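Student: Starting off with a structure, shown below.
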Amino acid sequence: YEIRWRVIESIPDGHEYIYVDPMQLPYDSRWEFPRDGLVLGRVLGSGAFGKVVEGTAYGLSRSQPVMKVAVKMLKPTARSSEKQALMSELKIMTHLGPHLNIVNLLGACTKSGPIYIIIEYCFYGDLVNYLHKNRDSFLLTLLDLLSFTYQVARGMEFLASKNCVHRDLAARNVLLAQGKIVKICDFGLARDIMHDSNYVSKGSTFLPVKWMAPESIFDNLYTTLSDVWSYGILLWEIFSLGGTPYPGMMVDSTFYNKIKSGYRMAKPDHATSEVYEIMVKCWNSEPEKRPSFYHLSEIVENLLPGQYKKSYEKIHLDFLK
Ligand SMILES: Cn1cc(-c2cc3c(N4CCN(c5ncc([C@@](C)(N)c6ccc(F)cc6)cn5)CC4)ncnn3c2)cn1
């Protein structure tokens, strides 16, 4: 190809070194959970082709013989396109490993019918409804907002270390667990970073434009660095207490023109000067200049009381006992 500026730089030293593709890896049978040990209850989120329901699981844990869970599944209206994606989503989760700030996978029903993905249940729901619920009380506290901001930073650091690009980081995809523990969810659009080069076929039809970095919209480039842009948008959501990004702006020619020119959202009412600067660094137009998720945690860690780090580590270690 003759136009070299349109070729993205591609990174393998010798034939001995291969990319471990999680899509190609075997399914550990220990994830399997009999379908007749799962009762399905109320819907937790739904869409045209799928839903997440609350479930009770009997005998999934030795600690909790009757345990509340969530269950990701497809509707009858879903086609084979949605069926292959849910499978690949299960593949990404079985190989990620567990983390304190991820809605962890507990099991799956893969053997007979449609796929069920069984995930831990988060008592408080998503961060957008939670922040709407508490708006009047705030005016929750400010430290809570910082704590949410740190935990997502650690969650994302864990994902990027596994070379996993989330591609839909947003407040609607942050849940709150029993001890005000923040959990990232929805790996439907998640891809390994080497996925787009090795098995090239994509075409998600509807995208979260207002959360996406310029090079993701315009060039279909998804990296950890475009996740960091989304993390900036997530921060704006949290400190506007559940606000809609770019409020009053339709996504159109002029919107894309504005973002490309350097337009950015103004500071939200409940963000400090220092916290707005984090969102600004996150929306740098040159992706390589955005801060890393490790660096972001270190910045946000400074904004929290000194003991928080020690207590957060105590929760974290305990979770993996
Ligand atoms: C009021 N309240 C609510 C909760 C709550 C809510 C969750 C939860 N979520 C629910 C939202 N999610 C979600 N919704 C839709 C999709 C789809 C439509 N795109 C989809 C579904 C299936 C499919 F195969 C493909 C696509 C995906 N995911 C998951 C996270 N998970 C755990 N606990 N929990 C607890 C608690 N109080």
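Residues are named by chain letter and number: chains run A, B, ... in the order of the structure tokens, numbers start at 1 in each chain, and ligands are numbered from 1 in the order shown.
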So which residues of segment 2-164 of chain A fall under strand (DSSP E) by DSSP, listed as JSON, numbers by chain?
Tutor: {"A": [38, 39, 40, 41, 42, 43, 44, 45, 46, 50, 51, 52, 53, 54, 55, 56, 57, 58, 66, 67, 68, 69, 70, 71, 72, 73, 74, 105, 106, 107, 108, 109, 116, 117, 118, 119, 120, 164]}
Student: I need the residues from that last selection saved to file as a compact mmCIF listing (two decimals), in the first residue's frame (with N, CA, C and O atoms), if you can.
Tutor:
```txt
# COMPACT_ATOMS: atom_id res chain seq x y z
N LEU A 38 -30.53 -23.75 38.27
CA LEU A 38 -30.68 -22.30 38.13
C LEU A 38 -32.16 -21.94 37.99
O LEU A 38 -32.84 -22.45 37.09
N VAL A 39 -32.67 -21.12 38.90
CA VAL A 39 -33.99 -20.51 38.75
C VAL A 39 -33.82 -19.09 38.24
O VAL A 39 -33.01 -18.32 38.78
N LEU A 40 -34.59 -18.74 37.21
CA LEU A 40 -34.57 -17.42 36.60
C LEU A 40 -35.73 -16.57 37.13
O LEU A 40 -36.89 -17.01 37.10
N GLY A 41 -35.42 -15.37 37.60
CA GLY A 41 -36.40 -14.39 38.03
C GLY A 41 -36.41 -13.10 37.21
O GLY A 41 -36.22 -13.16 35.99
N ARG A 42 -36.59 -11.95 37.85
CA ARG A 42 -36.94 -10.70 37.16
C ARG A 42 -35.84 -10.23 36.21
O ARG A 42 -34.65 -10.50 36.39
N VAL A 43 -36.24 -9.46 35.19
CA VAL A 43 -35.27 -8.94 34.24
C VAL A 43 -34.50 -7.79 34.89
O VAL A 43 -35.07 -7.00 35.68
N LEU A 44 -33.20 -7.73 34.60
CA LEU A 44 -32.29 -6.72 35.12
C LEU A 44 -31.87 -5.73 34.05
O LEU A 44 -31.61 -4.56 34.36
N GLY A 45 -31.77 -6.19 32.82
CA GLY A 45 -31.70 -5.34 31.65
C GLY A 45 -32.17 -6.17 30.47
O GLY A 45 -32.01 -7.39 30.46
N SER A 46 -32.75 -5.50 29.49
CA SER A 46 -33.19 -6.20 28.29
C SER A 46 -32.84 -5.38 27.06
O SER A 46 -32.57 -4.19 27.14
N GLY A 50 -31.55 -9.73 23.51
CA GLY A 50 -30.98 -10.39 24.69
C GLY A 50 -31.46 -9.79 26.00
O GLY A 50 -32.15 -8.76 26.02
N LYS A 51 -31.08 -10.44 27.10
CA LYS A 51 -31.46 -9.95 28.43
C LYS A 51 -30.54 -10.50 29.52
O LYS A 51 -29.88 -11.53 29.37
N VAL A 52 -30.53 -9.78 30.64
CA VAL A 52 -29.88 -10.21 31.88
C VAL A 52 -30.96 -10.31 32.94
O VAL A 52 -31.64 -9.31 33.24
N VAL A 53 -31.10 -11.49 33.53
CA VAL A 53 -32.08 -11.74 34.58
C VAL A 53 -31.37 -12.07 35.88
O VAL A 53 -30.21 -12.49 35.91
N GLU A 54 -32.07 -11.84 36.97
CA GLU A 54 -31.61 -12.26 38.27
C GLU A 54 -31.92 -13.74 38.43
O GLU A 54 -32.95 -14.24 37.95
N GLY A 55 -31.00 -14.46 39.06
CA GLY A 55 -31.12 -15.88 39.21
C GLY A 55 -30.80 -16.28 40.63
O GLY A 55 -30.09 -15.58 41.35
N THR A 56 -31.38 -17.40 41.04
CA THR A 56 -30.93 -18.15 42.19
C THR A 56 -30.21 -19.40 41.71
O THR A 56 -30.70 -20.09 40.80
N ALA A 57 -29.03 -19.69 42.27
CA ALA A 57 -28.21 -20.84 41.88
C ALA A 57 -28.02 -21.76 43.09
O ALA A 57 -27.46 -21.34 44.11
N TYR A 58 -28.46 -23.02 42.95
CA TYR A 58 -28.37 -24.02 44.01
C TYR A 58 -27.12 -24.87 43.79
O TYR A 58 -26.99 -25.55 42.76
N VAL A 66 -27.48 -21.70 48.38
CA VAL A 66 -28.53 -20.97 47.68
C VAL A 66 -28.03 -19.54 47.56
O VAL A 66 -27.93 -18.84 48.57
N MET A 67 -27.71 -19.11 46.34
CA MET A 67 -26.98 -17.87 46.14
C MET A 67 -27.61 -17.04 45.04
O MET A 67 -27.93 -17.57 43.98
N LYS A 68 -27.80 -15.75 45.30
CA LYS A 68 -28.32 -14.85 44.28
C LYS A 68 -27.25 -14.58 43.21
O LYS A 68 -26.09 -14.36 43.54
N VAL A 69 -27.65 -14.61 41.93
CA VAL A 69 -26.73 -14.37 40.81
C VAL A 69 -27.47 -13.58 39.72
O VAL A 69 -28.68 -13.36 39.79
N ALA A 70 -26.72 -13.14 38.71
CA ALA A 70 -27.28 -12.63 37.47
C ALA A 70 -26.94 -13.58 36.32
O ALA A 70 -25.93 -14.29 36.37
N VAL A 71 -27.80 -13.59 35.30
CA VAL A 71 -27.73 -14.58 34.22
C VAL A 71 -27.87 -13.83 32.90
O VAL A 71 -28.94 -13.27 32.62
N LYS A 72 -26.82 -13.85 32.08
CA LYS A 72 -26.88 -13.24 30.77
C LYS A 72 -27.32 -14.28 29.74
O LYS A 72 -26.74 -15.37 29.65
N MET A 73 -28.35 -13.94 28.96
CA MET A 73 -28.87 -14.88 27.98
C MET A 73 -29.49 -14.14 26.80
O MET A 73 -29.78 -12.95 26.86
N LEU A 74 -29.71 -14.88 25.74
CA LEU A 74 -30.29 -14.33 24.53
C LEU A 74 -31.77 -14.69 24.46
O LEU A 74 -32.21 -15.71 25.00
N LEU A 105 -17.28 -13.85 36.59
CA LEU A 105 -18.03 -14.99 36.07
C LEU A 105 -18.08 -16.09 37.12
O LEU A 105 -17.05 -16.44 37.71
N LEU A 106 -19.28 -16.63 37.36
CA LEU A 106 -19.42 -17.73 38.30
C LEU A 106 -19.65 -19.07 37.62
O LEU A 106 -19.27 -20.12 38.16
N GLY A 107 -20.27 -19.08 36.44
CA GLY A 107 -20.44 -20.33 35.72
C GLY A 107 -21.18 -20.09 34.43
O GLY A 107 -21.50 -18.95 34.07
N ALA A 108 -21.46 -21.18 33.73
CA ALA A 108 -22.20 -21.06 32.49
C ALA A 108 -22.92 -22.36 32.21
O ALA A 108 -22.52 -23.44 32.68
N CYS A 109 -24.01 -22.25 31.47
CA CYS A 109 -24.71 -23.39 30.90
C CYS A 109 -24.46 -23.32 29.41
O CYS A 109 -24.98 -22.43 28.72
N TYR A 116 -26.02 -19.63 28.79
CA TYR A 116 -26.25 -18.79 29.95
C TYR A 116 -24.87 -18.42 30.48
O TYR A 116 -24.01 -19.29 30.63
N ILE A 117 -24.66 -17.14 30.75
CA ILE A 117 -23.47 -16.70 31.46
C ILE A 117 -23.92 -16.26 32.84
O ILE A 117 -24.79 -15.38 32.96
N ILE A 118 -23.38 -16.89 33.86
CA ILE A 118 -23.79 -16.66 35.24
C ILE A 118 -22.73 -15.77 35.89
O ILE A 118 -21.56 -16.15 35.97
N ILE A 119 -23.16 -14.59 36.34
CA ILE A 119 -22.26 -13.58 36.86
C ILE A 119 -22.73 -13.16 38.25
O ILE A 119 -23.90 -13.31 38.61
N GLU A 120 -21.80 -12.64 39.04
CA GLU A 120 -22.19 -12.28 40.38
C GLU A 120 -23.20 -11.13 40.35
O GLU A 120 -23.22 -10.31 39.42
N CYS A 164 -6.94 -6.59 27.20
CA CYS A 164 -8.36 -6.62 26.91
C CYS A 164 -8.87 -5.19 26.73
O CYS A 164 -8.74 -4.38 27.65
```
Student: Would you list the contacts of residue 86 of chain A as a ChimeraX atom specification, taking every protein, DNA or RNA residue within 7 Å and counting only C-alpha atoms, but skipping same-chain residues closer than 4 positions in sequence?
Tutor: /A:82,90,188
Student: Keeping N, CA, C and O atoms, export the residues of the selection given above as a PDB file, in the first residue's frame.
Tutor:
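Final file, again11.pdb:
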```
ATOM      1  N   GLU A  82     -25.811 -12.852  17.166  1.00  0.00           N
ATOM      2  CA  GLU A  82     -25.747 -12.621  18.604  1.00  0.00           C
ATOM      3  C   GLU A  82     -25.280 -13.871  19.347  1.00  0.00           C
ATOM      4  O   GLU A  82     -24.603 -13.757  20.376  1.00  0.00           O
ATOM      5  N   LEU A  90     -18.156 -15.208  26.583  1.00  0.00           N
ATOM      6  CA  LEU A  90     -17.814 -16.200  27.601  1.00  0.00           C
ATOM      7  C   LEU A  90     -16.337 -16.579  27.519  1.00  0.00           C
ATOM      8  O   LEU A  90     -15.672 -16.752  28.549  1.00  0.00           O
ATOM      9  N   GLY A 188     -19.691  -7.483  26.177  1.00  0.00           N
ATOM     10  CA  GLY A 188     -20.237  -7.840  24.876  1.00  0.00           C
ATOM     11  C   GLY A 188     -19.404  -7.318  23.720  1.00  0.00           C
ATOM     12  O   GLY A 188     -19.098  -8.055  22.783  1.00  0.00           O
TER      13      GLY A 188
END
```
Student: Which is closer to ligand 1 than all the others in A:144, A:168, A:16, A:2, using only C-alpha atoms and all ligand atoms?
Tutor: A:168
Student: Smallest atom-to-atom distance to residue 131 of chain A: which of A:179, A:217, A:198, A:174, using only C-alpha atoms?
Tutor: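 So, comparing all the options, the nearest one is A:174.
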Student: Give me, as a PyMOL selection string, all polymer residues having an atom no more than 12 Å from residue 18 of chain A, counting only C-alpha atoms and skipping those fewer than 4 positions away in the same chain.
Tutor: chain A and resi 11-14+194+198
Student: Using only C-alpha atoms and all ligand atoms, can you tell me which of A:87, A:249, A:165, A:93 comes closest to ligand 1?
Tutor: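 Among the listed residues, A:87 lies closest to ligand 1.
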Student: Taking only C-alpha atoms and all ligand atoms into account, which of A:36, A:21, A:28, A:186 comes nearest ligand 1?
Tutor: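 Smallest separation from ligand 1 among the options: A:186.
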Student: For residue 272 of chain A, which of A:3, A:185, A:145, A:8 is the closest residue, counting only C-alpha atoms?
Tutor: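 Nearest to residue 272 of chain A: A:145.
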